[PDB]
Amino acid sequence: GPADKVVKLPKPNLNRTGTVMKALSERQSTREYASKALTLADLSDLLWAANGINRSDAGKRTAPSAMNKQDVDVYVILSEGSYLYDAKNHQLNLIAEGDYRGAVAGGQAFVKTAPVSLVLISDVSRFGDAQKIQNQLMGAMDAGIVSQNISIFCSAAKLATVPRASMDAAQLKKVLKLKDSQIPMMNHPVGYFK
Amino acid sequence: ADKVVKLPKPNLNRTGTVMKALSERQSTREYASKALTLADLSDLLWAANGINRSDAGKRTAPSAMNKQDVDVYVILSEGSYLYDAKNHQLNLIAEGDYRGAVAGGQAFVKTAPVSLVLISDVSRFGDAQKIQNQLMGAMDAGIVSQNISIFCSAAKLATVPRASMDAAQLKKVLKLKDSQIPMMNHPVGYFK
Ligand SMILES: Cc1cc2nc3c(=O)[nH]c(=O)nc-3n(C[C@H](O)[C@H](O)[C@H](O)COP(=O)(O)O)c2cc1C
Ligand SMILES: Cc1cc2nc3c(=O)[nH]c(=O)nc-3n(C[C@H](O)[C@H](O)[C@H](O)COP(=O)(O)O)c2cc1C
């Protein structure tokens, strides 16, 4: 049924000025962030870049996926609550109230300073048996792909981010109410540069 | 037949924007019957996994523990090459047309003027047989793949990320170590 809270995001701003070649030139991991929340425009553009619908007729995405199974769900961990990005409606649906940035950090405390973390969770059951390692590998490739959309957008938009595999995956499974077929693969703390 | 192809300096002044590149990012499996220019090949490889910070030797693509495990091999009609990121050049590995090895059964691949093969040297993480290290290598390949896909979209090049390929034949042709696992490939060409 409907989530208890919904964040409708603005249309993505396709007129931003950062070129691909400059974004690749400046692409880098940054592990310190301003405490300030992302504006809604920056969050919207970030999530659309990550894994937004870019072809509304076909339902296809900014990120390719094996067999077009679109397995990578982007969970958005904010201080107020954790949300799932719904690409079809370009909106955030609340999953759990509370600040779960600690679960993402998994022992690296700088992660708790980012205003947002994106967790890239592959629903490996979209490929069939979530137990088969070739399915898990495709999920890992697919996650990598979404990760780099985030890193490239962040470079263009002058946002700090670092791709990460470390996290408390057991705690995230509980707090985000994941099924065991949904495997956290990577996360991206994101913020303005400090 | 030359052992090394020098690539021109990467052109950091190309025009296509990130947001427009994301908008037009798509898999294309048909290609003009045109070869890539040397400038486009140069820029494509630098985009994939070039050095962007010469002081640190760091790259356009992140990698787990900065191990830089993804090597990019370049399969052209004249020969198969390794991309040497340090010197921004192609080192010839095998003469002849090995695009059939990349195709692995999908014949459209043979019609692209170049294929990039993304090979993770999983020994850079330690034990090449450990599943956690193979997963990191798969993530890292996917990261490089998306650099390719986004560059292609910005540069009006057709590409498709692929996992299918004849990995046994590529191990032979490219003289891979047992630790170097072909992960993904990208046929690239101009649009029809
Ligand atoms: C798959 C993968 C996993 C990573 N995991 C972590 C991590 O858990 N924590 C962290 O601080 N950095 C992590 N990194 C970031 C790397 O350390 C970083 O990409 C590398 O040192 C190179 O620096 P650069 O991204 O600025 O080029 C990860 C990167 C990748 C690609
Ligand atoms: C990890 C991965 C593996 C893929 N392997 C193949 C492949 O072997 N052959 C193929 O034709 N396409 C392959 N694809 C491309 C997908 O079919 C394609 O991304 C998907 O159909 C969605 O189309 P789109 O990329 O235009 O959004 C692969 C994509 C990914 C991400």
Side-chain angles (χ1 to χ4, degrees), chain A residues 134 137 141 144, chain B residues 1-7 35-36 38 41-42 44-51 57 59-61 63-107 109-110 112-131 133-145 147-148 159 161-189:
Chain A
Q134 305 93 332
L137 284 170
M141 297 175 175
Chain B
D2 260 336
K3 292 309 182 184
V4 171
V5 176
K6 198 54 187 327
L7 299 170
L36 290 199
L38 181 63
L41 184 51
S42 178
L44 170 66
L45 290 168
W46 181 79
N49 206 9
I51 292 170
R59 315 288 278 277
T60 65
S63 59
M65 304 183 263
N66 190 33
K67 292 306 196 203
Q68 301 178 21
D69 55 298
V70 179
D71 283 312
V72 180
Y73 288 79
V74 179
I75 313 305
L76 291 169
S77 58
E78 53 258 41
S80 289
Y81 299 79
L82 173 66
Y83 179 52
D84 169 4
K86 195 230 162 176
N87 298 292
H88 193 63
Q89 69 185 45
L90 296 174
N91 290 12
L92 181 61
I93 302 298
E95 311 178 51
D97 187 353
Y98 295 99
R99 295 179 290 173
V102 180
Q106 300 189 281
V109 170
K110 295 187 285 195
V114 70
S115 291
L116 305 192
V117 186
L118 312 181
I119 302 190
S120 173
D121 185 353
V122 185
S123 71
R124 289 193 191 132
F125 300 121
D127 185 340
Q129 264 199 318
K130 177 169 184 181
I131 177 147
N133 290 343
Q134 294 179 2
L135 287 170
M136 284 182 310
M139 298 176 185
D140 282 3
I143 287 169
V144 173
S145 171
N147 278 344
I148 294 159
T159 196
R162 302 182 58 236
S164 305
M165 44 186 158
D166 179 353
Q169 188 187 347
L170 290 167
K171 173 193 179 183
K172 303 304 269 177
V173 159
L174 296 177
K175 300 186 172 72
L176 299 184
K177 304 191 313 183
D178 297 338
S179 61
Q180 281 182 277
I181 302 183
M183 289 284 182
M184 298 182 64
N185 64 86
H186 275 254
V188 177

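Both backbone and side-chain heavy atoms feed into the values below; hydrogens, waters and symmetry mates do not. Numbers restart at 1 for each chain; the letters A, B, ... are given by sequence-line order, proteins then strands.
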Minimal non-hydrogen separation, [X] against [Y], with atom names:
{"X": "B:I143", "Y": "B:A61", "result": "CG2-CB, 3.9 Å"}
{"X": "B:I93", "Y": "B:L82", "result": "CG1-N, 3.7 Å"}
{"X": "B:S145", "Y": "B:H186", "result": "OG-NE2, 2.7 Å"}
{"X": "B:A141", "Y": "B:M183", "result": "CB-CB, 3.5 Å"}
{"X": "B:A128", "Y": "B:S123", "result": "CB-N, 4.1 Å"}
{"X": "B:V144", "Y": "B:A48", "result": "CG1-O, 3.5 Å"}

Which distance, rounded to the nearest 0.5 Å, do you find between the [atom1] of [X] and the [atom2] of [Y]?
{"X": "B:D84", "Y": "B:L45", "atom1": "CG", "atom2": "CG", "value": "11.0 Å"}
{"X": "B:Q169", "Y": "B:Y98", "atom1": "CD", "atom2": "OH", "value": "8.0 Å"}
{"X": "B:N185", "Y": "B:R162", "atom1": "CG", "atom2": "CZ", "value": "4.5 Å"}
{"X": "B:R124", "Y": "B:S63", "atom1": "CZ", "atom2": "OG", "value": "9.5 Å"}
{"X": "A:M141", "Y": "B:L135", "atom1": "CE", "atom2": "CG", "value": "9.5 Å"}
{"X": "B:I181", "Y": "B:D121", "atom1": "CD1", "atom2": "CG", "value": "9.0 Å"}

So, B:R99 side chain and B:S115 main chain: donor-acceptor pair closer than 3.5 Å or not?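 Not at all, since once roles are kept as given, no pair shorter than 3.5 Å links the two residues.
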Determine yes or no for a side-chain-to-main-chain donor-acceptor pair under 3.5 angstrom, with B:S120 supplying the side chain and B:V70 the backbone.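 The answer is no, because no donor-acceptor pair under 3.5 Å joins these two groups.
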Student check: side-chain heavy atoms of [X] and [Y] closer than 4.5 Å:
{"X": "B:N133", "Y": "B:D69", "result": "no"}
{"X": "B:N91", "Y": "B:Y81", "result": "no"}
{"X": "B:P182", "Y": "B:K171", "result": "no"}
{"X": "B:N147", "Y": "B:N49", "result": "no"}
{"X": "B:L7", "Y": "B:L90", "result": "yes"}

Is there a donor-acceptor contact under 3.5 Å linking the side chains of B:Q180 and B:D178?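 Checked: B:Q180/B:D178 side chains show no N/O donor-acceptor pair below 3.5 Å.
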Indicate whether any N or O donor in one side chain lies under 3.5 Å from an N or O acceptor in the other, for B:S77 and B:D97.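 Note: B:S77 and B:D97 side chains miss the donor-acceptor criterion.
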Applying side-chain hydrogen bond (donor to acceptor under 3.5 Å, both in side chains), name anything that partners B:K67, two or more places apart in sequence or on another chain.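 B:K67: no side-chain hydrogen bond (donor to acceptor under 3.5 Å, both in side chains) contacts found.
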Take atom CD in B:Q129; do more than 12 heavy atoms of anything else shown fall under 6.0 Å from it?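 Atom CD in B:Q129 is not crowded, with 12 or fewer foreign heavy atoms closer than 6.0 Å.
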Step by step, work out the side-chain contact (heavy atoms from CB on, under 4.5 Å) result for B:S80 and B:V173. CA-CA 8 Å; B:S80 289; B:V173 159; 4.3 Å; yes
Criterion side-chain contact (heavy atoms from CB on, under 4.5 Å) on B:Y83 and B:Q89, from CA distance to verdict: CA-CA 6 Å; B:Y83 179 52; B:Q89 69 185 45; over 6 Å; no
Does this structure show an ion pair linking B:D166 with B:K172, if we count only N-O contacts that are shorter than 4.0 Å?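 B:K172 and B:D166: not salt-bridged.
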How far apart are the C-alpha atoms of B:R59 and B:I51, what are their side-chain angles, what is the distance that settles it, and do they pass the side-chain contact (heavy atoms from CB on, under 4.5 Å) test? CA-CA 4 Å; B:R59 315 288 278 277; B:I51 292 170; 3.7 Å; yes
Derivation and outcome, side-chain contact (heavy atoms from CB on, under 4.5 Å), residues B:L118 and B:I148: CA-CA 11 Å; B:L118 312 181; B:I148 294 159; 3.9 Å; yes
